[PDB]
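Working notes, structure below.
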Amino acid sequence: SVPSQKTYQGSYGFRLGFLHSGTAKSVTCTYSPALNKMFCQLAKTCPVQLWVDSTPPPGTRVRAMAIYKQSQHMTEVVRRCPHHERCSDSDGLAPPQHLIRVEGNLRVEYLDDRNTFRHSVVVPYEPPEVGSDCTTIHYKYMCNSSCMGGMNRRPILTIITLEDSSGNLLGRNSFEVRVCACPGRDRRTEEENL
Ligand SMILES: [Zn+2]
C-alpha cells in the first residue's frame, strides 16, 4: 500500500523548480540539483515552483504528500512526532499530526485518507500571471528529521501531484527532503561525498 513516485509530466508539461539559494550558513532553505534534495529548517517557508508548458484547466488542484525514502519504511505513514503533534503551533487550519503545511492560502485543504491513513495537503492550482513563468507554493515542514519518535533520522520524499477537480491524475513529480538546523552546511557536506 504505497503511493506512486514515478515522475509524470503529463499533457501540461508539469515540472518542479526551486530557488538557487547556495549554501551560506544563514540560508533557511536550499535545494541540491545533484541530489534532487531539499534542505530546509523546521517550520520555515520552503518555496516550491510549479512549471508548465501549457495552462491546466480551472479546478485543477495541487497535492503534496510525504513518504519514507527507504523501501523498508515506505508503508509506515509519515506523521509528526508525539512532541510536535502536541505542540501549540497550530495556524488554525492544519491537523496537529500533519508534517506538511501550506501558509498564506485561506483555501488550503487537509486530508486523512480514509483507507490509507496517509496525510496530504492540497490547494487550488493558480496560473502564473502572464509576466511570470511559474507558480510558487510556500510549504512548511513541522517536524525535524532528527525528531525521535517521528521520522527519527529516516529520509523522506515529498510527492507533488497535479490533479483535476474530480481528483484524476494530471502530473506527478517528487524530491527528497531533510528538515534540519542549518541546511546550508548540511547541503555542502552531503554534496562533498560526490
Ligand atoms: Zn517532531
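Listing for the model above:
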item: Distance between the range 33-106 and the range 119-145 - C-alpha centres, whole angstrom; result: 9 Å
item: Gyration tensor over alpha-carbon atoms, the range 63-134, equivalent ellipsoid semi-axes in Å; result: 26, 17, 11
item: Segments 85-93, 141-149 sorted - mean Cβ within 10 Å per residue, highest first; result: 141-149, 85-93
item: Computed [θ] at 222 nm, helices only, for the chain once each DSSP H run of length n ≥ 4 contributes -39500 (n - 2.57); result: -2000 deg cm²/dmol
item: Cβ-isolated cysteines (cut-off 4.7 Å), the chain; result: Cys87, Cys134, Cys143, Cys180, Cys182
item: Whichever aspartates and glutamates have a C-alpha closer than 17 Å to that of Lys37, once near sequence neighbours (fewer than 8 apart) are set aside; result: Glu176, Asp186, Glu190, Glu191, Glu192
item: Segments 67-74, 158-165, 10-17, 126-133 sorted - mean Cβ within 10 Å per residue, highest first; result: 158-165, 10-17, 67-74, 126-133
item: Neighbour cut-off at most 11 other Cβ (10 Å), DSSP loop, trypsin sites (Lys or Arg not before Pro), the range 88-194; result: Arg107, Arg114, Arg153
item: Volume per residue that the Cα convex hull of the range 1-114 spans, once the total is divided by residue count, Å³; result: 170 Å³
item: Separation in nanometres of the label points that stand 7 Å from Cα toward Cβ, at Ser90 and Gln5; result: 3.2 nm
item: Intensity falloff of the chain expressed as log10 I(q)/I(0), Debye formula with alpha-carbon point scatterers, at q = 0.10, 0.11, 0.16 Å⁻¹; result: -0.39, -0.48, -1.07
item: Near-label residues of the range 160-184 by backbone N, under 12 Å of a point 7 Å along Cα→Cβ of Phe18; result: 174-179, 183-184
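Taken together, the values in this text are just the output of simple stated rules run on the coordinates, not laboratory data. Please note: Cβ atoms are built from the backbone with ideal geometry, for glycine as well, and neighbour counts cover all protein chains shown.
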